[PDB]
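Neighbour counts are summed over all protein chains in view; Cβ atoms, including those assigned to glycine, are modelled from backbone coordinates with ideal geometry. Here, each number is a calculation from the coordinates, and none is a lab measurement.
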Amino acid sequence: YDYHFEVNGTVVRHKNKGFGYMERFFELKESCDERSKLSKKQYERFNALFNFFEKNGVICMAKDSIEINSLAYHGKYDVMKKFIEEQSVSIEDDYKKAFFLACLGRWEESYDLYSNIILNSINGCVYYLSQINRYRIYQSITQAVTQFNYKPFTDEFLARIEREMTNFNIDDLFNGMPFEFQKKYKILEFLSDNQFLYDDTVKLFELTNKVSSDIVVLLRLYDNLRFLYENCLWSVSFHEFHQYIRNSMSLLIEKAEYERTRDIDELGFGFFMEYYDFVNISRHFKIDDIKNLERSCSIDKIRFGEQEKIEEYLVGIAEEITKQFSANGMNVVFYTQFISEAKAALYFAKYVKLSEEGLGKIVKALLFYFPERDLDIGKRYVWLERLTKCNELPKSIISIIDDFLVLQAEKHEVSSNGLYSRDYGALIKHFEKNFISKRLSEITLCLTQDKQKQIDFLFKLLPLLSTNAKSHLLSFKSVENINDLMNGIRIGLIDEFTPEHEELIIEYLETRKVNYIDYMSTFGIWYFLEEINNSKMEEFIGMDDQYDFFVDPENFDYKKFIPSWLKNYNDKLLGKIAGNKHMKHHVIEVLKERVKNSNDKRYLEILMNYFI
Amino acid sequence: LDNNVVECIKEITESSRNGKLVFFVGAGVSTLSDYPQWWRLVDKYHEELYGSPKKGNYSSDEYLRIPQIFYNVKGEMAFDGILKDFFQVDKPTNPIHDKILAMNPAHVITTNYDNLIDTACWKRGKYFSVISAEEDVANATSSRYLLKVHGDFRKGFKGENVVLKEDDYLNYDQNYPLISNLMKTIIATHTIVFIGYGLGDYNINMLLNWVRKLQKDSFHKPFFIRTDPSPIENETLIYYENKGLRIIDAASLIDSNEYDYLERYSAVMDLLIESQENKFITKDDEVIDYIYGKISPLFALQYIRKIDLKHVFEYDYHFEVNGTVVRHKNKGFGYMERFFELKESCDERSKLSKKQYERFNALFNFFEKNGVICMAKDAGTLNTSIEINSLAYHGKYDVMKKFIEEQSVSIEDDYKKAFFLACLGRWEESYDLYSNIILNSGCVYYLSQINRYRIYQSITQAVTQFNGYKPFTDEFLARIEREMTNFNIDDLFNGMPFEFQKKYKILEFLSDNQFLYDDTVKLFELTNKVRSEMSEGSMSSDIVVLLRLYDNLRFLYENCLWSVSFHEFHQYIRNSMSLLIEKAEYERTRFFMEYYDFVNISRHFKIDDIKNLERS
């Protein structure tokens, strides 16, 4: 505590009452003559000290860019495998090898290498750090076994490490080292502690003040990341560090959004995201955390820099996804940690502009080689649609989606979201607007009445077929009764109501009218939407409030209106109701009354975009 | 097992936990690795000088005399050559070496001149300062020793480096003064377990001869692991226990063949190792004794955070903020479940001893005042009722002044008065009172140093604001500076008796901001979760935040800790209350502020924070 060493690289005298040796050192650093006056051995010692202080980002005193050198941090899995394959020349090479094995999911080999280094390492700093990391990898192996209860570790190995690590105390490790080590390496004692990021987490509270701190927080986060990755420490993978990164980045982005909002309020017209920030968010955030960030702050207003580096990182993520799942691959220990980072990276790639080739690689990996368990068809479509935000759909991505749809047809869908293969075709039709699928047409030409599952699958994908394919597909389905007509309209059998469909709807409505003493609401919606021009629906008025609310609002009694109707309405229906020039003030007043009664988010959203 | 055997195991495992266990390893453990025994060397020497093996059996004197006669007659070179050809061998490490190491001995003293213990330590990754010569004592690289009291062959396979012949034993005190002194000091300051010895060994009886010269009950009786095939006789056991030995007989514990030495060693070693996690709690009064031993030091503190109770019991249980206990890592007998069963039903509490009945009464009062209710499976409807018994919390400035003016009955009153002086701004008087409390005192002794350092920090920061009004004289500032620069708060907990560091482990967090770490992390996580649930429109997360807030406030104010004035603590309180108020605002349109919420908002919020809360 003689001096303060700040995150920006400046030194400040703090507590030493003796000579200013750091100020003196900087003075020799500035001027070569004073440096030349040193003795030869002291001159070379000063050269070593200057190299150290340059490497560690210590420049000068107060009166006078992040760069992490780690293959593990940058996700260079192939280069890490190459480094592991080669023969280690030193024990520091073995330490780096054991860290790389830990990061590649090969925890048994990592534990064996750490044990070997501990054997062959008795400064004793690599010995101490291997003891730290072997305990950490032993903790990782122990917790992975509990999660899996697949047998990725043999029971012999588990029993052997349990016997080796029984009664082992990491709290005694530093105190068991020679006192020379304990004096020289007092700064490494925190690595044996259960927690080491409490100071930073408590200091994060300054990002919540509403009355620089943010740059200090970011630089300290970069310092922690560089120390834990460049020194090959396995604590960089545990929940404490990931939680610390999540908290720091989330609070920084929320603080920047708060300053942006306050300035907009007070001035009426902040956070800069770069490659390292993108990698930190991808590796440490879950999808829920990114969703919290998106809902809390406008990430679309955050400028993304170093987009070439981010694109290269995303392409590497896609390539590793392919290598993990195109071939046998499937290191379950590595896959468990890697799939979360890949999901977060592809999810966050919505805000990053991507080149055509890189976008092609990423989209291909996402559509085909991403496991269904981690990303179902609905989540996969959500990721793709997010990818279509910054960059519109080119021809190559449309072709990749076409191949995905062809593969789906050949296979023929469990979707937690509720979006299926039809939405990919809708997305294609959104941009190309005239895309016809050659192979889908070919498989329609081979379709028969036997394979009903194919028919009921790609009847939803009808706009991507040709005229002959559409005509052939239409033959296998009948529209005899009203139920068949409703199944067709929900599946897309007909897009323009024929007069016989109108007669069928009339028959259904008359039959229900006779039996007076779900479908009717849809009929009223279609009548309002000009979908049906029968001009006869007025006789079915009186039963359902929605029916007369939709067929003719002029005579509708708005005391029978339920505000919950608007929640079920879609974008097109709400926009049409807004522009009707009738019914408008009634929905305005009912929505105003609803929101004044209770600040409901969906109702305000409806009232705000289309003004209904 | 016998009761005395279980007691011996208890003390050995406790010393191993405390880091005060030392293993004195004999030739039996090396023989378990098939290391060449000394009688083979005596056999070779006898074949050398005399020309034929001995007809009968070697007496105790002969084992030392024959090598001595060989050394005198045939010289040093032949002696060293036979030593080299017999002892330059590679032998593995038996599981007993690993079992000894797994007990985490502070030091290992051995009469073995082999490197088997060194090989085992190097294989297990245990670093010991190996002392086998006189010059090694001063040049020891660590405070944990592998004390080879009879030397070894690390320098070379010569008789000068080891204690083998009778002249080496005759001149041992003269030739090994530092090593013998270190061995005696390690014996006098540690719990000693003898393994690999025959109860008639020369070293064992020499150590007992030294022991007889010590003052009565001024030393701890060493433990002796006897691994002879036949069980020890009653008379021999009585004699050697009156000589100052606590003997654990392997032959009495288990049944094994005459030559199954490895199994006999392993029985005792495994029973010692497998009892490290054991707590030896079977009957109900053993439950009350253990919980009382864990909780009684906490009686000095007014309140204990429930999140801190998992550290008191070494993560055996989860102590949630709602008052419910959850098994976390208790693989043994459930003492918390048994304690709550005793609490609910008076029948089992009635069948308790008088001392243990009073201990249960104290434990029940402590858990009642601390809000610990029962286990999770028993938990019913629980309310968030908080009370803070502090005059400083409620802003009772006049009552605080009256208490300050009153004469102090005890050091606890002095501590509370110093905290009240700090809360009333009279920082110089509070600092002097804290110094007086430190002088007159160790829970209060440790807490006054933290508070004195915290009040010194507050004094320093306020002086900077005014200069960057003279509340403190320059003489006072100079004196407190002189007293405080040498003081470092990071090593205050380690600069405590080892009893304090174990009884009051939860007080270690008060030195740094590790005290607020778990609550801060939980607050961030629950803020994200609550905001997500609020945005999507869907025990309670708000109740967890409120209960943790109240726990922190009660612990910091009732224990009279100056951390209540910390900027970080104020930020924590402000963030928690802001989240609670946001949730209450959302809960309304589908939680109400009491007096404590009003006081927390007034004390810990800024006007801008309140303005933002009203805006949102």
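For the range A:594-612, the set of residues classified as out of contact with any helix residue (DSSP H, G or I) (no Cβ under 6 Å at 6 or more places or on another chain) and more than 14 Å from chain B (Cβ to nearest Cβ) consists of A:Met608, A:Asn609, listed by residue number. Residues that are within 24 Å of A:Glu109 (Cα to Cα) and of a type in the set (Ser, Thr, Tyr) do not occur anywhere in the range A:307-316. When the residues of the range A:114-131 are filtered to those that are within 10 Å of another protein chain (Cβ to nearest Cβ) and under 17 Å from A:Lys184 (Cβ atoms), the one that is surrounded by the fewest Cβ atoms within 10 Å (Cβ to Cβ) is A:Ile122. Screening B:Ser296 with (1) hydroxyl-bearing (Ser, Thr, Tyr); (2) buried (at least 17 other Cβ atoms within 10 Å of the Cβ); (3) assigned to a helix (DSSP H, G or I) gives one miss only, at (2). Selection of the range B:565-616 for residues being among the polar types (S, T, N, Q), more than 11 Å from every other protein chain (Cβ to nearest Cβ) and surrounded by fewer than 14 Cβ atoms within 10 Å (Cβ to Cβ) yields only B:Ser602. Can you tell me how many residues within the range A:238-284 are surrounded by 20 or more Cβ atoms within 10 Å (Cβ to Cβ) and farther than 23 Å from A:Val352 by Cα? The total comes to 1. Could you please let me know if A:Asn224 is on the phi < 0 side of the Ramachandran plot and either in contact with a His (Cβ under 6 Å, 6 or more places away or on another chain) or not in a helix (DSSP H, G or I) (or both)? In short, no.
Of the listed requirements (1) crowded, with 21+ Cβ neighbours inside 10 Å; (2) assigned to a helix (DSSP H, G or I); (3) away from chain A (no Cβ under 12 Å), B:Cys560 misses just one: (2).
Here is the figure for the range A:365-417: residues that are closer than 19 Å to A:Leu461 by Cα, hydroxyl-bearing (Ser, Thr, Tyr) and under 23 Å from the mean Cα position of the chain (by Cα) total 2.
Where in the range B:34-92 are there helices (runs of 4 or more DSSP H), lying wholly inside it, with at least 1 residues that are in contact with a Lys or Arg (Cβ under 6 Å, 6 or more places away or on another chain), over 18 Å from B:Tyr169 (Cβ atoms) and of a type outside the set (A, V, I, L, M)?
Values: elements: B:38-49, B:62-74, B:76-87.
Qualifying helices (runs of 4 or more DSSP H): B:38-49, B:76-87.
Kindly indicate the residue of the range A:193-225 that is within 14 Å of chain B (Cβ to nearest Cβ) and among the hydrophobic types (A, V, I, L, M, F, W, C) and also surrounded by the fewest Cβ atoms within 10 Å (Cβ to Cβ) among those meeting that condition. Among those residues, the one meeting the criterion is A:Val211.
Can you tell me which residue in the range B:493-552 is farthest from the other protein chains (Cβ to nearest Cβ), limited to those that are hydroxyl-bearing (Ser, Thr, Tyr) and under 20 Å from A:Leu207 (Cβ atoms)?
Restricting attention to the range B:493-552, the residues satisfying the condition of being hydroxyl-bearing (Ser, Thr, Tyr) are B:504, B:511, B:517, B:520, B:527, B:532, B:535, B:538, B:540-541, B:550.
With the extra rule that they be under 20 Å from A:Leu207 (Cβ atoms), the set shrinks to B:517, B:520, B:527, B:532.
Working: B:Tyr517: 4, B:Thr520: 5, B:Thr527: 9, B:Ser532: 5 Å.
The extreme case among them is B:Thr527.
Among the residues of the range A:253-276 satisfying the criterion of being among the basic types (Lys, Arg) and away from chain B (no Cβ under 11 Å), which is nearest to A:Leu218 (Cα to Cα)? Once the filter is applied, the top-ranked residue is A:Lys255. Answer yes or no as to whether A:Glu539 is part of a helix (DSSP H, G or I) and out of contact with any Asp or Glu (no Cβ under 7 Å at 6 or more places or on another chain). Taking the combined requirement at face value, the residue satisfies it. The numbered conditions (1) more than 41 Å from the chain's Cα centre (by Cα); (2) in a loop (DSSP other than H, G, I, E, B) are all true for A:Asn599 except (1). Scanning the range B:107-134 for residues that are over 21 Å from A:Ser121 (Cα atoms) and crowded, with 20+ Cβ neighbours inside 10 Å yields B:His107, B:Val108, B:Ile109, B:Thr110, B:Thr111, B:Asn112, B:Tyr113, B:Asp114, B:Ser132.
Whether any residue in the range B:443-456 is in contact with a helix residue (DSSP H, G or I) (Cβ under 8 Å, 6 or more places away or on another chain) and small (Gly, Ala, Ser) is what I want to check. Show your work before the answer.
Within the range B:443-456, the first condition is being in contact with a helix residue (DSSP H, G or I) (Cβ under 8 Å, 6 or more places away or on another chain), and the residues that meet it are B:443-456.
Still in the list and also small (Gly, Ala, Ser): B:448.
Yes, because at least one residue in the range B:443-456 is in contact with a helix residue (DSSP H, G or I) (Cβ under 8 Å, 6 or more places away or on another chain) and small (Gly, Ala, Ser).
What do you reckon, is A:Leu427 within 22 Å of the chain's Cα centre (by Cα) and either of a type in the set (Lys, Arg) or crowded, with 17+ Cβ neighbours inside 10 Å (or both)? Here the answer is yes, as A:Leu427 does meet what is asked.
Residues are listed down the side, and each one gets a yes or a no for (1) assigned to a helix (DSSP H, G or I); (2) within 41 Å of the chain's Cα centre (by Cα):
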| position | (1), (2) |
| --- | --- |
| A:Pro553 | no, no |
| A:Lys559 | yes, no |
| A:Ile577 | yes, yes |
| A:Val590 | yes, yes |
| A:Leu604 | yes, yes |
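One residue stands out in the range B:344-395 among those that are surrounded by 15 or more Cβ atoms within 10 Å (Cβ to Cβ) and among the basic types (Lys, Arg): the one that is farthest from the chain's Cα centre (by Cα), namely B:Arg349.
Any idea which of B:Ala133, B:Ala120 is assigned to a loop (DSSP other than H, G, I, E, B), closer than 27 Å to A:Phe179 by Cβ and either aliphatic (A, V, I, L, M) or touching a strand residue (DSSP E or B) at 6+ places or on another chain (Cβ under 6 Å) (or both)? Give the steps one after another, and end with the answer.
On the way: B:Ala120 fails: assigned to a loop (DSSP other than H, G, I, E, B).
Being assigned to a loop (DSSP other than H, G, I, E, B), closer than 27 Å to A:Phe179 by Cβ and either aliphatic (A, V, I, L, M) or touching a strand residue (DSSP E or B) at 6+ places or on another chain (Cβ under 6 Å) (or both) holds for just one of B:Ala133, B:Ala120, which is B:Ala133.
Evaluate the range B:89-102: report whether one residue or more is under 37 Å from the mean Cα position of the chain (by Cα) and either among the small types (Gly, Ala, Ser) or within 20 Å of B:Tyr202 (Cβ to Cβ) (or both). Yes, because at least one residue in the range B:89-102 is under 37 Å from the mean Cα position of the chain (by Cα) and either among the small types (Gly, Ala, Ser) or within 20 Å of B:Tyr202 (Cβ to Cβ) (or both). Residues in the range A:240-252 that are more than 12 Å from A:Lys286 (Cα to Cα), of a type outside the set (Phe, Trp, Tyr) and more than 9 Å from chain B (Cβ to nearest Cβ): A:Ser248, A:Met249, A:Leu252. For the range B:183-202, a tally of residues being closer than 25 Å to B:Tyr63 by Cβ, not β-branched (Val, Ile, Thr) and not in a loop (DSSP other than H, G, I, E, B) returns 4. A single member of A:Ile455, A:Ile489, A:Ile494, A:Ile482 is among the hydrophobic types (A, V, I, L, M, F, W, C) and surrounded by fewer than 16 Cβ atoms within 10 Å (Cβ to Cβ), and it is A:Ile494.
Reported count of residues in the range A:52-85, each being over 24 Å from A:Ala318 (Cβ atoms) and basic (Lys, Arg), is 2.
Scan the range B:460-468 and give yes if some residue there is within 36 Å of the chain's Cα centre (by Cα) and either within 14 Å of chain A (Cβ to nearest Cβ) or closer than 30 Å to A:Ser296 by Cβ (or both), otherwise no. Yes, the range B:460-468 contains at least one residue that is within 36 Å of the chain's Cα centre (by Cα) and either within 14 Å of chain A (Cβ to nearest Cβ) or closer than 30 Å to A:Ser296 by Cβ (or both).
Of the residues that sit in the range A:294-321 and are among the aliphatic types (A, V, I, L, M) and more than 24 Å from A:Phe370 (Cα to Cα), which one is farthest from the chain's Cα centre (by Cα)?
Just the residues of the range A:294-321 that are among the aliphatic types (A, V, I, L, M), to begin with: A:299, A:302, A:310, A:314-315, A:317-318, A:321.
Filter again for more than 24 Å from A:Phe370 (Cα to Cα), leaving A:299, A:302.
Numbers: A:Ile299: 13, A:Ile302: 16 Å.
The residue in question is A:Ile302.
Kindly provide the set of residues from the range B:263-284 that are more than 14 Å from every other protein chain (Cβ to nearest Cβ), surrounded by 16 or more Cβ atoms within 10 Å (Cβ to Cβ) and either in a helix (DSSP H, G or I) or of a type outside the set (A, V, I, L, M) (or both), ordered by number. Can you show your working first?
At the first step, the residues of the range B:263-284 found to be more than 14 Å from every other protein chain (Cβ to nearest Cβ) are B:263-265, B:267-268, B:271, B:279-284.
From what is left, the residues that are surrounded by 16 or more Cβ atoms within 10 Å (Cβ to Cβ) are B:264-265, B:267-268, B:271, B:279, B:281, B:284.
Hits for the range B:263-284 are B:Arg264, B:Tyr265, B:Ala267, B:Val268, B:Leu271, B:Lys279, B:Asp284.
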